[PDB]
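Have a look below at one chain only, the form solved without its partner chain, in structure tokens format.
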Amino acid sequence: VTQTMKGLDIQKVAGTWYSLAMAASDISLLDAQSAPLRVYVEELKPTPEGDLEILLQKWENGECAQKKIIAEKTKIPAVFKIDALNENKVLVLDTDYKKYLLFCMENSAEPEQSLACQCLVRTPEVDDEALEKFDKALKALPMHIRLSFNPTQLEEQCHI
């Protein structure tokens, strides 16, 4: 279970983002460049109807491939339905829209084996305010792996 952005203005998360940091409940979800949930968000695209398209990069067949996940709005605020990366939900935890956004993905069937969270930033500075916000949010969650990236890796295909 989770603590979410219940006042989320979906339209204001539009545009460019970089993955600064990631955390997962299970080491195996992030423990290699090919791990199923090691994904790098490039862009969030709200639809006119309040759905969300997430553009990301993922090492696949020995290439940095572009993926688009379609996230459909639900009757619960800040919770979107997906069918991707063996996940079925996206939760937005916290954002100021202009600097940082924290979100998680999970399988509702097995959240403690599926839970992956990301710190997104608007610009490739090692955002210590963003990392601090992510730290505060992860305080609550049962995370056993935490990864961070340097400014340089944010602007690279699939973070080097």
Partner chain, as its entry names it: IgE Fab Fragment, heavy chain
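Here, rigid core means the biggest group of C-alpha atoms that superpose within 1.5 Å across both forms. Numbering follows the first chain given and starts at 1. Residues that one form lacks are left out of the comparison.
A second form of this protein, the form solved in complex with its partner chain, is not displayed here; the remarks below concern that form.
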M5 within 4.5 Å of its partner chain in the entry with it bound, heavy atoms: no
Its partner chain contact in the entry with it bound: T123, any heavy atom under 4.5 Å: yes
Non-hydrogen atom contact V41 with its partner chain in the entry with it bound at 4.5 angstroms: yes
Partner contacts in the entry with it bound for 136-155 (non-hydrogen atom within 4.5 angstroms of its partner chain): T152, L154, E155
Did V79 shift 2 Å or more between this form and the one not shown, C-alpha, core superposed: no
Core-referenced shifts between this form and the one not shown - contiguous stretches of at least three, CA at least 2 Å: 61-63, 83-87
